[PDB]
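Only one chain comes next, encoded as structure tokens, the form deposited in one PDB entry.
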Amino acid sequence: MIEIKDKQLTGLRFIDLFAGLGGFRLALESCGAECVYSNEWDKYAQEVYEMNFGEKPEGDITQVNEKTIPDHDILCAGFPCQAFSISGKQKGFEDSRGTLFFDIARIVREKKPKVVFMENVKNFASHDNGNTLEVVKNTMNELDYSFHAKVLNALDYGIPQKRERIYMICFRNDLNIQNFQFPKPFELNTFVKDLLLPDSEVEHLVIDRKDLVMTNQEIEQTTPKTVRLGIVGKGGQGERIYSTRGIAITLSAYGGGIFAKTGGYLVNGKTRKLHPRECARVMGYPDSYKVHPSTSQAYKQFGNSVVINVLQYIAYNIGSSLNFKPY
């Protein structure tokens, strides 16, 4: 993450829904805001959140009375993507997991915060020929909010990971905000090779497979693109090997293969997967965030999370526009 000097959101309040690791919370506090409610139902994620933050989130959002929820200015939410991802079966609103959106709509109708901040995957902008996206725009409008949505790639905001996601910012109409803008892109100056741990700490992750088929040569100079070097097996998800002189592929939560969830990389002569701490870094997490003791649960957790740095750039802009009140 990046350090913010102008704490533009001092004094405002927010809630962390579908918390996971608390990425939306690290980002929003670096700007001065206060968290007054969190919700997340997974046992293991509740263990890490409490360990880093010291409070335990409520559970199941579907059986919580929206009238118990504390007053708040900003509502934050990265909802489940499985029923929208380009990796699954694409069932959408018909899926038991693809309806969580209407629970946010319930909370919003009763509490009416100043701002609504949501995140989801790339395919969500196109799914169902764009109808799925239009159901969200039209609902937020009916509730009396404006609607801003864009796809941003992390490699354009300083982190070397090819992660494309859709971000949705919404403002209540009596505030008359007319100058919100998405942050502007810049050049990448950090590559995968600059974030790895010493060879003595990742030796147990080294993999010597005999069906290794190198299909490209190691590159000489750094490039802000994923450069594939080889394959194992048939070369499906989890069997592709990449160069450390470029950028990392998207981490996932339920992925498989011999190099499950992180991808394989050619490091100092041998192919291996990424360590949890290295996963933290490619997502923008500080070295002081304490990871879960179960390696398995940690990989899953970083797979479902958001890149802190990108959230930090967006939150400053939300603040700049809210603080512009001339005579």
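By rigid core we mean the largest C-alpha set that fits within 1.5 Å across both forms. When you see a residue number, it is the position in the sequence shown, counting from 1. Only residues modelled in both forms are compared.
Although it is not shown, the form deposited in another entry is what the next lines describe.
- Candidate set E134, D71, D95, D199; criterion, C-alpha shift of 2 Å or more between the shown form and the other one after rigid-core fit; matching residue, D95.
- Here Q161 does not count as shifted, since its C-alpha moves by less than 2 Å between the shown form and the other one after the core is aligned.
- Comparing the forms between the shown form and the other one, the C-alpha position of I107 differs by less than 2 angstroms, with the core used for superposition.
- After superposition on the rigid core, displacement of the C-alpha of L212 between the shown form and the other one stays below 2 Å.
- In that other deposited form, the separation between the C-alpha atoms of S87 and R228 grows by 3 Å or more relative to the displayed form.
- A decrease of at least 3 Å in the separation of the C-alpha atoms of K111 and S96 is found in that other deposited form, compared with the displayed form.
- Residues present in both forms were compared between the shown form and the other one after fitting on the core; the only consecutive run of three or more with every C-alpha moved by 2 angstroms or more is 81 to 98.
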